[PDB]
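Here's work29.cif, which has mmCIF, N, CA and C atoms and all ligand atoms:
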data_model
#
loop_
_atom_site.label_atom_id
_atom_site.label_comp_id
_atom_site.auth_asym_id
_atom_site.auth_seq_id
_atom_site.Cartn_x
_atom_site.Cartn_y
_atom_site.Cartn_z
N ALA A 1 -1.79 136.07 105.68
CA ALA A 1 -1.91 137.36 106.37
C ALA A 1 -0.70 137.57 107.28
N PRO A 2 -0.43 138.84 107.67
CA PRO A 2 0.67 139.09 108.61
C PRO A 2 0.46 138.31 109.89
N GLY A 3 1.55 137.71 110.35
CA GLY A 3 1.52 136.90 111.55
C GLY A 3 1.19 135.44 111.33
N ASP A 4 0.68 135.07 110.16
CA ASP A 4 0.24 133.70 109.96
C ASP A 4 1.41 132.70 110.00
N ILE A 5 2.57 133.06 109.45
CA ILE A 5 3.70 132.15 109.50
C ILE A 5 4.05 131.82 110.95
N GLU A 6 4.20 132.87 111.77
CA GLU A 6 4.53 132.68 113.17
C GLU A 6 3.46 131.84 113.87
N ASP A 7 2.19 132.16 113.63
CA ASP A 7 1.09 131.41 114.25
C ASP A 7 1.19 129.92 113.88
N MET A 8 1.44 129.62 112.61
CA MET A 8 1.49 128.22 112.20
C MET A 8 2.66 127.50 112.85
N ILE A 9 3.82 128.14 112.92
CA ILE A 9 4.96 127.50 113.56
C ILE A 9 4.67 127.20 115.03
N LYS A 10 4.11 128.17 115.74
CA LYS A 10 3.83 127.97 117.15
C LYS A 10 2.76 126.93 117.39
N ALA A 11 1.76 126.85 116.52
CA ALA A 11 0.73 125.83 116.66
C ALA A 11 1.31 124.44 116.39
N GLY A 12 2.19 124.34 115.40
CA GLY A 12 2.72 123.06 114.99
C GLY A 12 3.85 122.54 115.85
N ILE A 13 4.59 123.44 116.50
CA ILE A 13 5.73 123.10 117.35
C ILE A 13 5.47 123.77 118.69
N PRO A 14 4.64 123.12 119.53
CA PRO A 14 4.28 123.76 120.80
C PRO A 14 5.51 124.11 121.65
N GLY A 15 5.53 125.33 122.16
CA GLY A 15 6.63 125.82 122.97
C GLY A 15 7.69 126.56 122.19
N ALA A 16 7.58 126.62 120.86
CA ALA A 16 8.59 127.30 120.07
C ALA A 16 8.56 128.80 120.29
N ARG A 17 9.75 129.40 120.26
CA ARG A 17 9.92 130.85 120.18
C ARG A 17 10.27 131.18 118.72
N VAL A 18 9.61 132.17 118.15
CA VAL A 18 9.75 132.49 116.74
C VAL A 18 10.02 133.96 116.55
N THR A 19 11.00 134.27 115.70
CA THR A 19 11.27 135.62 115.26
C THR A 19 11.24 135.62 113.74
N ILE A 20 10.24 136.30 113.13
CA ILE A 20 10.00 136.35 111.67
C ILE A 20 10.39 137.75 111.17
N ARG A 21 11.22 137.86 110.13
CA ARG A 21 11.39 139.12 109.43
C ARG A 21 11.05 138.94 107.96
N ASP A 22 10.39 139.96 107.42
CA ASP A 22 9.98 139.99 106.03
C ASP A 22 11.10 140.61 105.21
N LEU A 23 11.85 139.78 104.50
CA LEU A 23 12.94 140.26 103.67
C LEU A 23 12.39 141.21 102.63
N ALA A 24 13.09 142.33 102.47
CA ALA A 24 12.76 143.38 101.52
C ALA A 24 11.45 144.06 101.83
N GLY A 25 10.83 143.74 102.96
CA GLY A 25 9.48 144.18 103.21
C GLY A 25 8.56 143.84 102.06
N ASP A 26 8.76 142.69 101.43
CA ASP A 26 8.09 142.35 100.16
C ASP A 26 6.83 141.50 100.30
N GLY A 27 6.52 141.06 101.51
CA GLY A 27 5.38 140.21 101.74
C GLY A 27 5.43 138.84 101.07
N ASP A 28 6.63 138.38 100.76
CA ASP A 28 6.82 137.20 99.92
C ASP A 28 7.91 136.29 100.50
N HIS A 29 9.12 136.82 100.61
CA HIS A 29 10.25 136.08 101.17
C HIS A 29 10.55 136.57 102.58
N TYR A 30 10.82 135.61 103.45
CA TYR A 30 10.96 135.81 104.88
C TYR A 30 12.18 135.06 105.39
N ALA A 31 12.62 135.45 106.59
CA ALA A 31 13.61 134.70 107.35
C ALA A 31 13.06 134.49 108.74
N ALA A 32 13.24 133.28 109.28
CA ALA A 32 12.72 132.92 110.59
C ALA A 32 13.76 132.27 111.44
N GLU A 33 13.81 132.70 112.69
CA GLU A 33 14.53 131.99 113.72
C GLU A 33 13.52 131.28 114.58
N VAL A 34 13.74 129.98 114.80
CA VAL A 34 12.83 129.17 115.59
C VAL A 34 13.66 128.42 116.64
N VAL A 35 13.28 128.61 117.90
CA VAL A 35 13.97 128.00 119.03
C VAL A 35 12.97 127.11 119.75
N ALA A 36 13.29 125.83 119.91
CA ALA A 36 12.32 124.88 120.48
C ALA A 36 13.05 123.74 121.15
N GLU A 37 12.56 123.34 122.32
CA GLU A 37 13.15 122.20 123.01
C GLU A 37 13.12 120.93 122.17
N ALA A 38 12.07 120.77 121.37
CA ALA A 38 11.94 119.60 120.51
C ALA A 38 13.08 119.48 119.51
N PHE A 39 13.82 120.56 119.27
CA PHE A 39 14.95 120.55 118.36
C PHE A 39 16.23 119.97 118.97
N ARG A 40 16.30 119.84 120.29
CA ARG A 40 17.57 119.44 120.91
C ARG A 40 17.90 118.00 120.51
N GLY A 41 19.12 117.80 120.03
CA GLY A 41 19.55 116.49 119.55
C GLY A 41 19.23 116.19 118.10
N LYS A 42 18.43 117.05 117.47
CA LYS A 42 18.10 116.91 116.06
C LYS A 42 19.16 117.65 115.24
N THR A 43 19.35 117.19 114.00
CA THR A 43 20.19 117.90 113.07
C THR A 43 19.45 119.13 112.53
N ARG A 44 20.17 120.05 111.92
CA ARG A 44 19.50 121.18 111.29
C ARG A 44 18.52 120.72 110.20
N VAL A 45 18.86 119.69 109.43
CA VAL A 45 17.91 119.19 108.44
C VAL A 45 16.63 118.68 109.11
N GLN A 46 16.77 117.92 110.19
CA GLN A 46 15.60 117.43 110.93
C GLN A 46 14.78 118.57 111.53
N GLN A 47 15.44 119.59 112.06
CA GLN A 47 14.74 120.74 112.63
C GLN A 47 13.99 121.50 111.55
N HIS A 48 14.64 121.72 110.41
CA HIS A 48 13.98 122.43 109.33
C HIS A 48 12.76 121.65 108.84
N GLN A 49 12.86 120.31 108.80
CA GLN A 49 11.73 119.49 108.41
C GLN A 49 10.52 119.75 109.31
N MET A 50 10.76 119.89 110.62
CA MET A 50 9.66 120.17 111.53
C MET A 50 8.99 121.51 111.21
N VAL A 51 9.78 122.51 110.84
CA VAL A 51 9.22 123.80 110.48
C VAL A 51 8.42 123.70 109.17
N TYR A 52 8.96 123.02 108.15
CA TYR A 52 8.19 122.83 106.93
C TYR A 52 6.87 122.11 107.24
N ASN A 53 6.93 121.09 108.08
CA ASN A 53 5.70 120.39 108.45
C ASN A 53 4.68 121.35 109.07
N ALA A 54 5.13 122.24 109.95
CA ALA A 54 4.23 123.15 110.64
C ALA A 54 3.51 124.10 109.68
N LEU A 55 4.15 124.45 108.56
CA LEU A 55 3.54 125.34 107.59
C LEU A 55 2.48 124.64 106.73
N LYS A 56 2.45 123.30 106.75
CA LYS A 56 1.33 122.53 106.22
C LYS A 56 1.08 122.81 104.74
N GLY A 57 2.13 123.15 104.00
CA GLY A 57 1.99 123.43 102.58
C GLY A 57 1.30 124.75 102.25
N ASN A 58 1.06 125.58 103.25
CA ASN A 58 0.33 126.83 103.03
C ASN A 58 1.14 127.93 102.40
N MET A 59 2.45 127.80 102.41
CA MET A 59 3.35 128.82 101.91
C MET A 59 4.04 128.29 100.64
N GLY A 60 3.62 128.76 99.48
CA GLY A 60 4.21 128.30 98.24
C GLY A 60 5.68 128.67 98.18
N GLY A 61 6.52 127.79 97.66
CA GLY A 61 7.92 128.11 97.50
C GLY A 61 8.69 128.20 98.81
N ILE A 62 8.18 127.57 99.86
CA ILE A 62 8.76 127.68 101.19
C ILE A 62 10.26 127.34 101.23
N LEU A 63 10.73 126.40 100.41
CA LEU A 63 12.14 126.08 100.44
C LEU A 63 13.02 127.32 100.29
N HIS A 64 12.66 128.22 99.38
CA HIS A 64 13.41 129.46 99.21
C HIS A 64 12.78 130.65 99.94
N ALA A 65 11.46 130.61 100.16
CA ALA A 65 10.75 131.78 100.67
C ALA A 65 10.78 131.90 102.18
N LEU A 66 11.19 130.86 102.89
CA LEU A 66 11.32 130.92 104.34
C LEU A 66 12.72 130.44 104.72
N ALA A 67 13.66 131.38 104.83
CA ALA A 67 15.03 131.07 105.20
C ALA A 67 15.07 130.81 106.70
N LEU A 68 15.67 129.71 107.13
CA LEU A 68 15.54 129.24 108.51
C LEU A 68 16.85 129.23 109.27
N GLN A 69 16.72 129.56 110.55
CA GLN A 69 17.75 129.29 111.55
C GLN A 69 17.04 128.67 112.75
N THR A 70 17.47 127.48 113.13
CA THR A 70 16.83 126.76 114.21
C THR A 70 17.84 126.38 115.28
N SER A 71 17.35 126.23 116.51
CA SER A 71 18.21 125.84 117.62
C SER A 71 17.37 125.39 118.79
N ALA A 72 18.01 124.70 119.72
CA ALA A 72 17.40 124.39 121.00
C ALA A 72 17.61 125.56 121.97
N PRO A 73 16.75 125.67 122.99
CA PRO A 73 16.87 126.79 123.93
C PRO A 73 18.18 126.83 124.69
N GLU A 74 18.68 128.05 124.82
CA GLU A 74 19.79 128.38 125.70
C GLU A 74 19.32 128.90 127.06
LI LI B 1 10.04 139.51 102.27
NI NI B 2 9.84 133.44 95.65
#
Re-express the file's structure as structure tokens.
Amino acid sequence: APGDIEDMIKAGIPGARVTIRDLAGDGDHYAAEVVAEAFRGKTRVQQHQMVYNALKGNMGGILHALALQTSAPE
């Protein structure tokens, strides 16, 4: 449902700030920016792993369907 991706990320990575856009308005492929203190000192691969973990396998095709940008807070 709408908002579920954001909800799952925030539940799984407490303190994260999330900005989700639905590419093409298609309800299928998305792009997300996730900013979290837990990301500081982690590589982008490690940060992305945390986001995949938070989705708990609920989003089929997540490798391509959730394009990610992650960072620690500024
Ligand atoms: Li989309
Ligand atoms: Ni797809």
Measuring between only C-alpha atoms, which one of A:51, A:67, A:74, A:39 shows the shortest distance to residue 21 in chain A?
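Counting only C-alpha atoms, the residue closest to residue 21 in chain A is A:67.
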Please compute the atom C of residue 29 in chain A-CA of residue 65 in chain A distance, one decimal, in Å.
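Computed distance, atom C of residue 29 in chain A to CA of residue 65 in chain A, equals 5.2 Å.
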What are the closest atom pairs, with distances in Å to one decimal, for all residues of chain A lying within 10 Å of ligand LI 1 (chain B)? Consider only C-alpha atoms and all ligand atoms, order rows by chain and residue number, and present the result as a Markdown table.
| residue | atom | partner | partner_atom | distance |
| --- | --- | --- | --- | --- |
| A:20 | CA | B:LI1 | LI | 9.9 |
| A:21 | CA | B:LI1 | LI | 7.3 |
| A:22 | CA | B:LI1 | LI | 3.8 |
| A:23 | CA | B:LI1 | LI | 3.3 |
| A:24 | CA | B:LI1 | LI | 4.8 |
| A:25 | CA | B:LI1 | LI | 4.8 |
| A:26 | CA | B:LI1 | LI | 4.0 |
| A:27 | CA | B:LI1 | LI | 4.7 |
| A:28 | CA | B:LI1 | LI | 4.6 |
| A:29 | CA | B:LI1 | LI | 3.6 |
| A:30 | CA | B:LI1 | LI | 4.6 |
| A:31 | CA | B:LI1 | LI | 7.9 |
| A:65 | CA | B:LI1 | LI | 7.9 |
| A:66 | CA | B:LI1 | LI | 8.9 |
Computed interatomic separation between atom N of residue 68 in chain A and CA of residue 32 in chain A (Å)
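These atoms are spaced 5.6 Å apart.
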Quick one: DSSP alpha helix (DSSP H) residues in chain A, as a ChimeraX atom specification?
/A:4-12,44-55,62-65
Residues within 8 Å of residue 52 in chain A, please, as a list in words. Count all atoms listed in the file; anything in the same chain fewer than 6 positions from it doesn't count.
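Within the cut-off, the hits are residues 58, 62 and 63 of chain A.
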Do you have the CA of residue 14 in chain A-atom NI of ligand NI 2 (chain B) distance handy?
27.5 Å
Counting only N, CA and C atoms and all ligand atoms, the residue of A:60, A:5, A:13, A:53 that sits nearest ligand NI 2 (chain B)
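For ligand NI 2 (chain B), the nearest of the candidates is A:60.
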Could you pull out the strand (DSSP E) residues of chain A from DSSP and send them as a PyMOL selection string?
chain A and resi 17-22+30-35+66-71
Residue nearest residue 18 in chain A - candidates A:48, A:36, A:64, A:4, atoms counted: all atoms listed in the file
A:36
File for range 11-27 of chain A (N, CA, C and O atoms), as a PDB file, in the first residue's frame:
ATOM      1  N   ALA A  11      10.684   1.693  10.485  1.00  0.00           N
ATOM      2  CA  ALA A  11      10.574   0.707  11.557  1.00  0.00           C
ATOM      3  C   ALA A  11      11.877  -0.079  11.691  1.00  0.00           C
ATOM      4  O   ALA A  11      12.303  -0.408  12.804  1.00  0.00           O
ATOM      5  N   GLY A  12      12.495  -0.406  10.563  1.00  0.00           N
ATOM      6  CA  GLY A  12      13.681  -1.246  10.563  1.00  0.00           C
ATOM      7  C   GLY A  12      14.969  -0.511  10.882  1.00  0.00           C
ATOM      8  O   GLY A  12      15.914  -1.141  11.365  1.00  0.00           O
ATOM      9  N   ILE A  13      15.013   0.793  10.603  1.00  0.00           N
ATOM     10  CA  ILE A  13      16.192   1.627  10.835  1.00  0.00           C
ATOM     11  C   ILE A  13      15.712   2.810  11.673  1.00  0.00           C
ATOM     12  O   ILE A  13      15.419   3.889  11.164  1.00  0.00           O
ATOM     13  N   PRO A  14      15.600   2.598  12.992  1.00  0.00           N
ATOM     14  CA  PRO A  14      15.054   3.664  13.841  1.00  0.00           C
ATOM     15  C   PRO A  14      15.850   4.971  13.713  1.00  0.00           C
ATOM     16  O   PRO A  14      17.073   4.964  13.759  1.00  0.00           O
ATOM     17  N   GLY A  15      15.133   6.072  13.541  1.00  0.00           N
ATOM     18  CA  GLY A  15      15.746   7.376  13.390  1.00  0.00           C
ATOM     19  C   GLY A  15      15.979   7.789  11.951  1.00  0.00           C
ATOM     20  O   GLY A  15      16.422   8.909  11.717  1.00  0.00           O
ATOM     21  N   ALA A  16      15.712   6.907  10.987  1.00  0.00           N
ATOM     22  CA  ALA A  16      15.952   7.253   9.598  1.00  0.00           C
ATOM     23  C   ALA A  16      14.985   8.321   9.108  1.00  0.00           C
ATOM     24  O   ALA A  16      13.811   8.338   9.469  1.00  0.00           O
ATOM     25  N   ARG A  17      15.491   9.184   8.235  1.00  0.00           N
ATOM     26  CA  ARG A  17      14.681  10.105   7.450  1.00  0.00           C
ATOM     27  C   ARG A  17      14.571   9.508   6.037  1.00  0.00           C
ATOM     28  O   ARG A  17      15.578   9.074   5.480  1.00  0.00           O
ATOM     29  N   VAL A  18      13.368   9.467   5.486  1.00  0.00           N
ATOM     30  CA  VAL A  18      13.109   8.799   4.222  1.00  0.00           C
ATOM     31  C   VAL A  18      12.344   9.708   3.291  1.00  0.00           C
ATOM     32  O   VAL A  18      11.350  10.322   3.692  1.00  0.00           O
ATOM     33  N   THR A  19      12.789   9.764   2.036  1.00  0.00           N
ATOM     34  CA  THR A  19      12.073  10.438   0.970  1.00  0.00           C
ATOM     35  C   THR A  19      11.885   9.426  -0.150  1.00  0.00           C
ATOM     36  O   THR A  19      12.874   8.938  -0.699  1.00  0.00           O
ATOM     37  N   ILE A  20      10.624   9.023  -0.419  1.00  0.00           N
ATOM     38  CA  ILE A  20      10.239   7.995  -1.419  1.00  0.00           C
ATOM     39  C   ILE A  20       9.576   8.710  -2.605  1.00  0.00           C
ATOM     40  O   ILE A  20       8.656   9.507  -2.384  1.00  0.00           O
ATOM     41  N   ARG A  21      10.021   8.450  -3.844  1.00  0.00           N
ATOM     42  CA  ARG A  21       9.263   8.854  -5.012  1.00  0.00           C
ATOM     43  C   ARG A  21       8.956   7.628  -5.866  1.00  0.00           C
ATOM     44  O   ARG A  21       9.768   6.718  -6.033  1.00  0.00           O
ATOM     45  N   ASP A  22       7.744   7.632  -6.401  1.00  0.00           N
ATOM     46  CA  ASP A  22       7.261   6.562  -7.252  1.00  0.00           C
ATOM     47  C   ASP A  22       7.613   6.895  -8.698  1.00  0.00           C
ATOM     48  O   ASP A  22       6.995   7.754  -9.325  1.00  0.00           O
ATOM     49  N   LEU A  23       8.636   6.239  -9.221  1.00  0.00           N
ATOM     50  CA  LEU A  23       9.057   6.465 -10.591  1.00  0.00           C
ATOM     51  C   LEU A  23       7.909   6.142 -11.533  1.00  0.00           C
ATOM     52  O   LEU A  23       7.230   5.122 -11.366  1.00  0.00           O
ATOM     53  N   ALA A  24       7.701   7.038 -12.494  1.00  0.00           N
ATOM     54  CA  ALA A  24       6.667   6.923 -13.509  1.00  0.00           C
ATOM     55  C   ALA A  24       5.272   6.979 -12.933  1.00  0.00           C
ATOM     56  O   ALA A  24       4.308   6.824 -13.677  1.00  0.00           O
ATOM     57  N   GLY A  25       5.138   7.252 -11.643  1.00  0.00           N
ATOM     58  CA  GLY A  25       3.861   7.102 -10.992  1.00  0.00           C
ATOM     59  C   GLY A  25       3.251   5.744 -11.247  1.00  0.00           C
ATOM     60  O   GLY A  25       2.047   5.652 -11.393  1.00  0.00           O
ATOM     61  N   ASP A  26       4.081   4.700 -11.306  1.00  0.00           N
ATOM     62  CA  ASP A  26       3.653   3.375 -11.773  1.00  0.00           C
ATOM     63  C   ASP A  26       3.263   2.394 -10.673  1.00  0.00           C
ATOM     64  O   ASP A  26       2.802   1.294 -10.960  1.00  0.00           O
ATOM     65  N   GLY A  27       3.451   2.778  -9.418  1.00  0.00           N
ATOM     66  CA  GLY A  27       3.157   1.900  -8.302  1.00  0.00           C
ATOM     67  C   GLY A  27       3.999   0.639  -8.224  1.00  0.00           C
ATOM     68  O   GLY A  27       3.604  -0.334  -7.573  1.00  0.00           O
TER      69      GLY A  27
END
